[PDB]
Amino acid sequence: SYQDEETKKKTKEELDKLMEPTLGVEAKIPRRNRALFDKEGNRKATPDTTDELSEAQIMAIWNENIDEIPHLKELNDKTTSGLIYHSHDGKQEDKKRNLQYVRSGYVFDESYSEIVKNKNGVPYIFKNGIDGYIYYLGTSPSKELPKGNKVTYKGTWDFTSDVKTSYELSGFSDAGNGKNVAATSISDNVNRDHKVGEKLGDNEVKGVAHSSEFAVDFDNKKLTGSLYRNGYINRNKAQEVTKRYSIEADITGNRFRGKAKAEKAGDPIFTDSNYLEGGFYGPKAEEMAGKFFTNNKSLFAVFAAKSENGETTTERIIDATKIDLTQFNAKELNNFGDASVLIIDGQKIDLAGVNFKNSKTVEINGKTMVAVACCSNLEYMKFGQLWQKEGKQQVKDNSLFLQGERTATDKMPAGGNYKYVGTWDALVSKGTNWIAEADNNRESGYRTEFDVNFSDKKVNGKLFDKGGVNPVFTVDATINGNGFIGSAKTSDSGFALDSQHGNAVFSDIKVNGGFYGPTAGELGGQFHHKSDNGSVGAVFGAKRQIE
């Protein structure tokens, strides 16, 4: 007489667009249209006085290969200057930025002329000078976070303003002072080529270009930081280091959301922002990157920083795995801390639905992807099938997936004995293919049952075929932290996939699992093995019972 425990449904977040998480973000550097005529060939009463930044110009990017600098190839193909630069190109001190998981800053053509003429051959667009982008892009959104009240990250920041002919800014070169081309971290008159510590005359170099520092309090899910401008330095001129911004943010999943506070009153472009969002990258949050957009739309800024290493104790926050049903091997998936969305090519596929398990079909061109996600009673995890389909109906890239939001380790129950029941998906292949399909038939379906003993840290599991007397697979595992690890097997006898060949006999199969939700009220895990022959790919989930 068991029954799912009652749980207060997960509280659903509705984020402003700018606050949605992505692998990266970019924006084009604004350039004033200097043309004297409009597209219909009539004289503008007034040549444009502005070129605005807007939320529609701030674009999500999602390239998996961070070696491919965004737009670098495009800029090279169209350039007539041959002057292509980017913030990681290593050609000056300020462009030597040693990050492993993140790229950020800018990529641009120093001098590029766009002239567009209409049918009548009248020029209605004329822009010139710097052409490029401000961006950040990260890879491997972190699945584990360091423990502690203060972890320091150091790095850079970069920016572009909007354009207004009324701007009278100081500290920027004629290449970008806001009148014809945006003021950017490219045109700012800062120290670019003298390393920290050097002395020019008796002037010590304190900093390079635009530097950032953050103090992350992982235990309290918060962080603060500072962004600095490090002025040009001579033997004739001591360096002026000024703080432009203070930052505060709160951490959710592997992301953070907050504000940037302008530190200098009365600046027409360096103003406050309520729209700061970024994330941790690297398996252990070795690095961080993000962006903000000022409230008066005067400025788009990005930043990136890394911690000194670790060799740090971490606590896992996320599981998101894909198991291939042909190689029976596993690979990581991008996830930001929401197990109910699948992220593909920057598109978020919502996995929830009205049914116990729900199928989703989405053209993420050019691939028609379909995912079957379970289950409606699992609030902090999902698992299911995922494949590309072509035709009516051949199938391609067939696989399994599992995602979960780990229970905090200090919220793991301290004892003792509880029951967990759920279902699973799997594929055992030796000769013929034997599948398991998730369902809600607690009686005689593809059942999963776990005895969990928090006292002596043990998980024991049974996984059944439909109309199954004894289990097809059992699991013996050990609870360590907020997850478990152990072995899946079958009886010493093995089990019939069908007479012509022996039962599938499996032993010492490596199984990884997690505890999910506020108080470990859900568990899930996977295993896979490739043998010639006798192979298997399986994912499973279950909910804690009461009574």
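All residue numbers refer to positions in the sequence shown, first residue = 1.
Enquirer: Scan the PDB entry between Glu40 and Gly41 and report the missing deposited residues as one of none, 1 to 3, 4 to 9, 10 or more.
Expert: Going from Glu40 to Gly41, the model skips no residues of the deposited sequence.
Enquirer: Should the higher mean CA B-factor in the entry be assigned to 311 to 319 or to 227 to 235?
Expert: According to the entry, 311 to 319 carries the higher average C-alpha B-factor.
Enquirer: Between 489 to 497 and 31 to 39, which has the higher average C-alpha B-factor in the PDB entry?
Expert: Stretch with the greater average CA B-factor: 489 to 497.
Enquirer: Taking the values straight from the PDB record, which of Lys150, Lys462, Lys127, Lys78 has the highest C-alpha temperature factor?
Expert: The record points to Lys462.
Enquirer: Out of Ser111, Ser140, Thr156, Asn365, whose C-alpha atom has the biggest B factor in the entry?
Expert: Result of the comparison over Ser111, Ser140, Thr156, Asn365: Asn365.
Enquirer: Sorting the chain's modelled residues by C-alpha B-factor, tell me whether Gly502 ends up in the lowest, middle or highest third.
Expert: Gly502: CA B-factor falls in the highest third of its chain.
Enquirer: Thinking about Cα B factors across the chain, which third does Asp219 belong to?
Expert: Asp219: CA B-factor falls in the middle third of its chain.
Enquirer: Could you tell me which third, lowest, middle or highest, the C-alpha B-factor of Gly525 occupies within its chain?
Expert: According to the entry, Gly525 has a C-alpha B-factor in the chain's middle third.
Enquirer: So where's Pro146 on the chain's Cα temperature factor ranking, which third?
Expert: For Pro146, whose C-alpha B-factor we compare with every modelled residue in the chain, the answer is the middle third.
Enquirer: Taking the entry's C-alpha B-factors for this chain, is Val536 in the lowest, middle or highest third?
Expert: Its C-alpha B-factor belongs to the highest third of this chain's values.
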